Amino acid sequence: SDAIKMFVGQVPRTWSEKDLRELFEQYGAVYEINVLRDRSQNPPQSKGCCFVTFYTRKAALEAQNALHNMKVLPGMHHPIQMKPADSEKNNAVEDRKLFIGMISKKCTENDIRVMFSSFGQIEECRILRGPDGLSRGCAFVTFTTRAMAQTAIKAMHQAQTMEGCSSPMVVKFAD
RNA sequence: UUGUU
């Protein structure tokens, strides 16, 4: 597939980029290798992990299948751990998720889904409830794209007041 | 009791 950066743990601290390139190139072409370093004192030191960026997702997956939880590098007591790097995380859920406040306590998950369905696909909708299943009068709504969440906010924030509520509905990005 | 899982 397209390029992807993988985080790799249980790499011996003595290994450099050269050693890592050699290992990974067995499975697919490597764009870049970067050993994570600690510069807190002299000299800089490997943190025992690296990033490897493969040109294709296919290569990354083949390396993962071959290595993750399978290959134990020299001196290690656990096998390589490999997964996509944090920097590759794209649609953080946290940035696509709305807090909906001041909704009626009678409001159902389905009620909220319907109210907000016109703005995009809703991947999740949860009413916050207390111990006795009573609504806390608020919800979380996750859209598939933040774009759809912004659209809902502009259209729905304080647009109406629901049954039993002291103020208009609150629609905003979740904390 | 405006309540952010």
Side-chain angles (χ1 to χ4, degrees), chain A residues 1-11 34-40 47-54 56-65 67-70 76-175:
Chain A
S1 186
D2 187 58
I4 187 188
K5 190 194 294 187
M6 304 298 287
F7 174 84
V8 187
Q10 304 300 314
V11 172
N34 173 328
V35 169
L36 283 81
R37 283 179 176 81
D38 175 346
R39 288 176 65 180
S40 60
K47 296 190 67 94
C49 48
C50 72
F51 295 116
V52 52
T53 298
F54 290 94
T56 74
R57 303 202 159 215
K58 171 180 190 297
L61 168 63
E62 282 168 356
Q64 190 186 55
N65 287 325
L67 294 176
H68 175 77
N69 268 153
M70 303 269 332
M76 302 299 87
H77 287 170
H78 298 281
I80 291 174
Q81 303 295 301
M82 217 169 142
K83 63 195 192 105
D86 287 347
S87 62
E88 301 297 69
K89 288 168 178 184
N90 224 46
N91 279 211
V93 164
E94 317 154 309
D95 296 331
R96 266 192 292 124
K97 189 209 219 99
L98 294 179
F99 172 81
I100 317 298
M102 289 290 103
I103 65 174
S104 165
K105 285 182 175 48
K106 293 167 161 183
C107 274
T108 253
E109 170 182 338
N110 183 59
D111 294 330
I112 298 307
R113 281 194 185 259
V114 173
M115 288 189 26
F116 284 95
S117 83
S118 88
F119 307 108
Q121 170 150 35
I122 296 165
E123 140 185 345
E124 178 175 297
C125 179
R126 180 213 277 78
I127 306 307
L128 284 52
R129 300 183 180 279
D132 304 314
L134 296 169
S135 179
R136 289 170 155 142
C138 57
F140 291 106
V141 173
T142 305
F143 283 91
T144 64
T145 76
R146 175 192 190 84
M148 290 181 301
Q150 185 45 70
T151 295
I153 289 172
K154 183 176 285 257
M156 297 290 275
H157 181 64
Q158 305 182 301
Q160 56 202 295
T161 302
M162 303 199 78
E163 186 185 337
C165 295
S166 65
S167 320
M169 195 175 325
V170 165
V171 183
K172 63 197 299 231
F173 286 110
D175 286 337

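Every chain is numbered from 1 and lettered A, B, ... according to where its sequence line falls, protein lines coming before strand lines.
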Can you measure A/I112 atom CD1 to B/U5 atom P for me and round it to whole angstrom units?
17 Å

For A/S135 against A/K105, the heavy-atom pair lying closest together
CB-O, 3.3 Å

Donor-acceptor pair, distance only, cut-off 3.5 Å: does the side chain of A/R113 make one with the backbone of A/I122?
yes

Does A/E163 reach the main-chain N or O of A/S104 with its side chain, forming a donor-acceptor pair under 3.5 Å?
no

Which residue pairs pass the salt bridge (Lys or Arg N to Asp or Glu O under 4.0 Å) test when at least one of the two sits in residues 125-139 of chain A, sequence neighbours left out?
A/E124-A/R126

Figure out the CD1/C1' separation between A/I153 and B/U4, and round it to whole Å.
14 Å

Whole-Å gap separating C1' (B/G3) and CE (A/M162):
15 Å

Does A/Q158 reach the main-chain N or O of A/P168 with its side chain, forming a donor-acceptor pair under 3.5 Å?
no

Just by modelled atom types, is the A/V8 backbone N or O under 3.5 Å from a matching donor or acceptor in the A/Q10 side chain?
no

Expected output is a numbered-order residue list: members of residues 120-129 of chain A with a heavy atom under 4.0 Å from any atom of RNA chain B. What is it?
A/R126, A/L128

What is the separation between atom CD1 on A/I100 and atom P on B/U2, rounded to the nearest whole Å?
16 Å

Mark yes or no for a side-chain to base donor-acceptor pair under 3.5 Å between A/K97 and B/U5, with no hydrogen or angle criteria applied.
yes

Checking the side chain of A/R96 only, and the main-chain atoms of A/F143 only, is there a donor and an acceptor separated by less than 3.5 Å?
yes

Strictly distance-based, threshold 3.5 Å: is any side-chain N or O of A/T108 a donor or acceptor partner for the main-chain N or O of A/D111?
no

Whole angstrom value for the distance that separates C1' of B/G3 from CZ of A/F140
10 Å

Mind running a 4.0 Å heavy-atom check of residues 163-175 of chain A against RNA chain B and sending the residues that fall below it, in number order?
A/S166, A/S167, A/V170, A/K172, A/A174, A/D175

Return the value, rounded to whole Å, for the distance between atom CG of A/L98 and atom P of B/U5.
15 Å

